[PDB]
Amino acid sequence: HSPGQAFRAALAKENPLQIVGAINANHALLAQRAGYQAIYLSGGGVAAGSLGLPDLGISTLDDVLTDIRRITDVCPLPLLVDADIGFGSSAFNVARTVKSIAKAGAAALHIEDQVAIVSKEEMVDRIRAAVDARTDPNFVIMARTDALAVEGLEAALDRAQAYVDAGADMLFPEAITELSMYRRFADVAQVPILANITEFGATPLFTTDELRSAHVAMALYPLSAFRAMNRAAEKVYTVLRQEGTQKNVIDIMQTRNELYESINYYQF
């Protein structure tokens, strides 16, 4: 079996492929039961959820690898991972990172040019080191760029093909506000484009149909479920503390039968 294959196959059977972030192994199983073909391990989520830390580069590759093992050990859905800038700097750092992640169970990962961003060149080597470190060719190397917002469209598209020439299997344009931009990246890069549809950002809540008219090959929802899980956990804590009992929040609680079924308790 090859998670890299499963991922590439998912984008093939679903367009745009809906990829939802799963904060932990339990939610990965839920996402599966909901019919999702692929999941995501958000870097911001590992920091905020697993570590209770802001997304300021305090988490480490190890924190990330732990969640990949937990998730991919029980959930077979191909897992797309946020590998940031490689957590290292040199070629062997990017390589060790890419191999670690793949070995942990990932199906794909994405590295970004955000140092402002790095030069086209340096990002080109970063991608080469990533592609070179890859053992399974089906493993997906995604290149995330923020050049559009930094250097402008022209420079953005230039990097696009540059990154693709280096071997990036897919592109991840960040902070896009207009579908047009997606079609352009698709027309130039000519590789599966990913639309990050996260909430409370500068991007509109595009629907799968809208994203399709723009040629988007993947629709990402990084923290969607996490944001809802926090609001509900907070409600439980709040009510329990005020009322001295959780009686009035039982109705918003997943039942046992539900928990057991989501984790195949009975089966064991």
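Note that residue numbering begins at 1 and tracks the sequence as displayed.
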Q. How many residues that are in the deposited sequence but not in the model lie between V115 and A116: none, 1 to 3, 4 to 9, or 10 or more?
A. 10 or more
(Q) Quick check on the record: does 247 to 255 or 21 to 29 carry the larger mean Cα temperature factor? (A) 247 to 255
Q. Is the mean CA B factor in the deposited entry higher across 87 to 95 or across 74 to 82?
A. 87 to 95
Q.
Among the choices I101, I111, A147, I193, identify the one whose CA B-factor in the record is greatest.
A. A147
Q) Looking at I197, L179, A106, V140, which has the highest CA B-factor as recorded? A) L179
Q: Just say lowest, middle or highest third for the CA B-factor of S50 relative to the other modelled residues in its chain.
A: lowest
Q) How does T203 rank on Cα B-factor within its chain, lowest, middle or highest third? A) highest
